[PDB]
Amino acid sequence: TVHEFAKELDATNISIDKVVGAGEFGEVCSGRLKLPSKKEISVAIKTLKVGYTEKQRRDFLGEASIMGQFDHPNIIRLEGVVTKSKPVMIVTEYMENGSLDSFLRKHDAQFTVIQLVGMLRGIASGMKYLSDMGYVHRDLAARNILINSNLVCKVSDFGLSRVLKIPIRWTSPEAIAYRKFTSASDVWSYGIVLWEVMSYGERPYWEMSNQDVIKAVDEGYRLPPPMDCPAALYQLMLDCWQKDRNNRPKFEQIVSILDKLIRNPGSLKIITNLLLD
């Protein structure tokens, strides 16, 4: 049940401002939540459509029951849910700059490498905690990361997450071949996210036929270095994309690698069709 890991909010404490998106289960809006302390915060509010199916309700709230297990600065925060009145609602922290892929596409080549690496470090830190908690996300992609007014990136979209629909472009070869999902398949996905960020939201493998994405990666081809990509970051992508999952870095190692790059920004000044790795 969702109440094990979600607070039931009093709807009198929720105000709705405007619609900001559309989900599988209903609308997404922005608004305000008054906390018990009287503090008021901005929030995102997702509603379950009128005339929902029992399955739609279970899936909708199930994603909240996963999210509510995590309390980490780089994982979207669940403020609570409304179930005792309808529409049913999930209330999360507000992320002013929306989904990371769309945000980067609006800002091609407009951030510093250190800004991009800060975004990537945040995502890695959230993934380190998720994987520490025994969860495999399975849908780690820039479209599933939200970014706030201060450029802090946070892991979202727990619909496909499982305790230890097949987005092929983001999925490791072993997970495609026989549904071998592990934290190491999430690391592969992270490598794709790293490519997405450094490419400012370019689509991984562009619009290659899915069968060709699967075959090419199996044959050892990899996405090419994004323009002006630091060598260190392309190498990190390649490491995330090791054929043997046991050779991929752990999230903790990724976080450490990025922290070193942040501490020695001069490192990033060495700069680096699919490439056969």
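When you see a residue number, it is the position in the sequence shown, counting from 1. Take the two forms, superpose them, and find the largest set of C-alpha atoms that agree within 1.5 Å; that set is the rigid core.
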property: Stretch farther from the shown model on average in 7 other deposited structures of this protein, with CA RMS computed after core superposition (220-228, 22-30); result: 22-30
property: Residue gap status of residue 164, at least a third of other entries; result: yes
property: Unmodelled stretch of the deposited sequence separating residue 164 from residue 165, binned as none, 1 to 3, 4 to 9 or 10 or more; result: 10 or more
property: Unmodelled deposited residues between residue 272 and residue 273, binned; result: 4 to 9
property: Higher-B stretch (mean Cα B-factor, as the entry records it), 94-102 or 154-162; result: 154-162
property: Mean C-alpha temperature factor, higher of 46-54 and 62-70; result: 46-54
property: C-alpha B-factor winner, where the candidates are 145, 88, 124, 198; result: 88
property: Relative C-alpha B-factor of residue 235, binned into the chain's lowest, middle or highest third; result: lowest
property: For residue 169, the third of its chain into which the C-alpha B factor falls; result: middle
property: Record-listed C-alpha B factor of residue 252: chain third; result: middle
property: For residue 83, the third of its chain into which the C-alpha B factor falls; result: highest
property: Ranked C-alpha temperature factor of residue 37 among modelled chain residues, by third; result: lowest
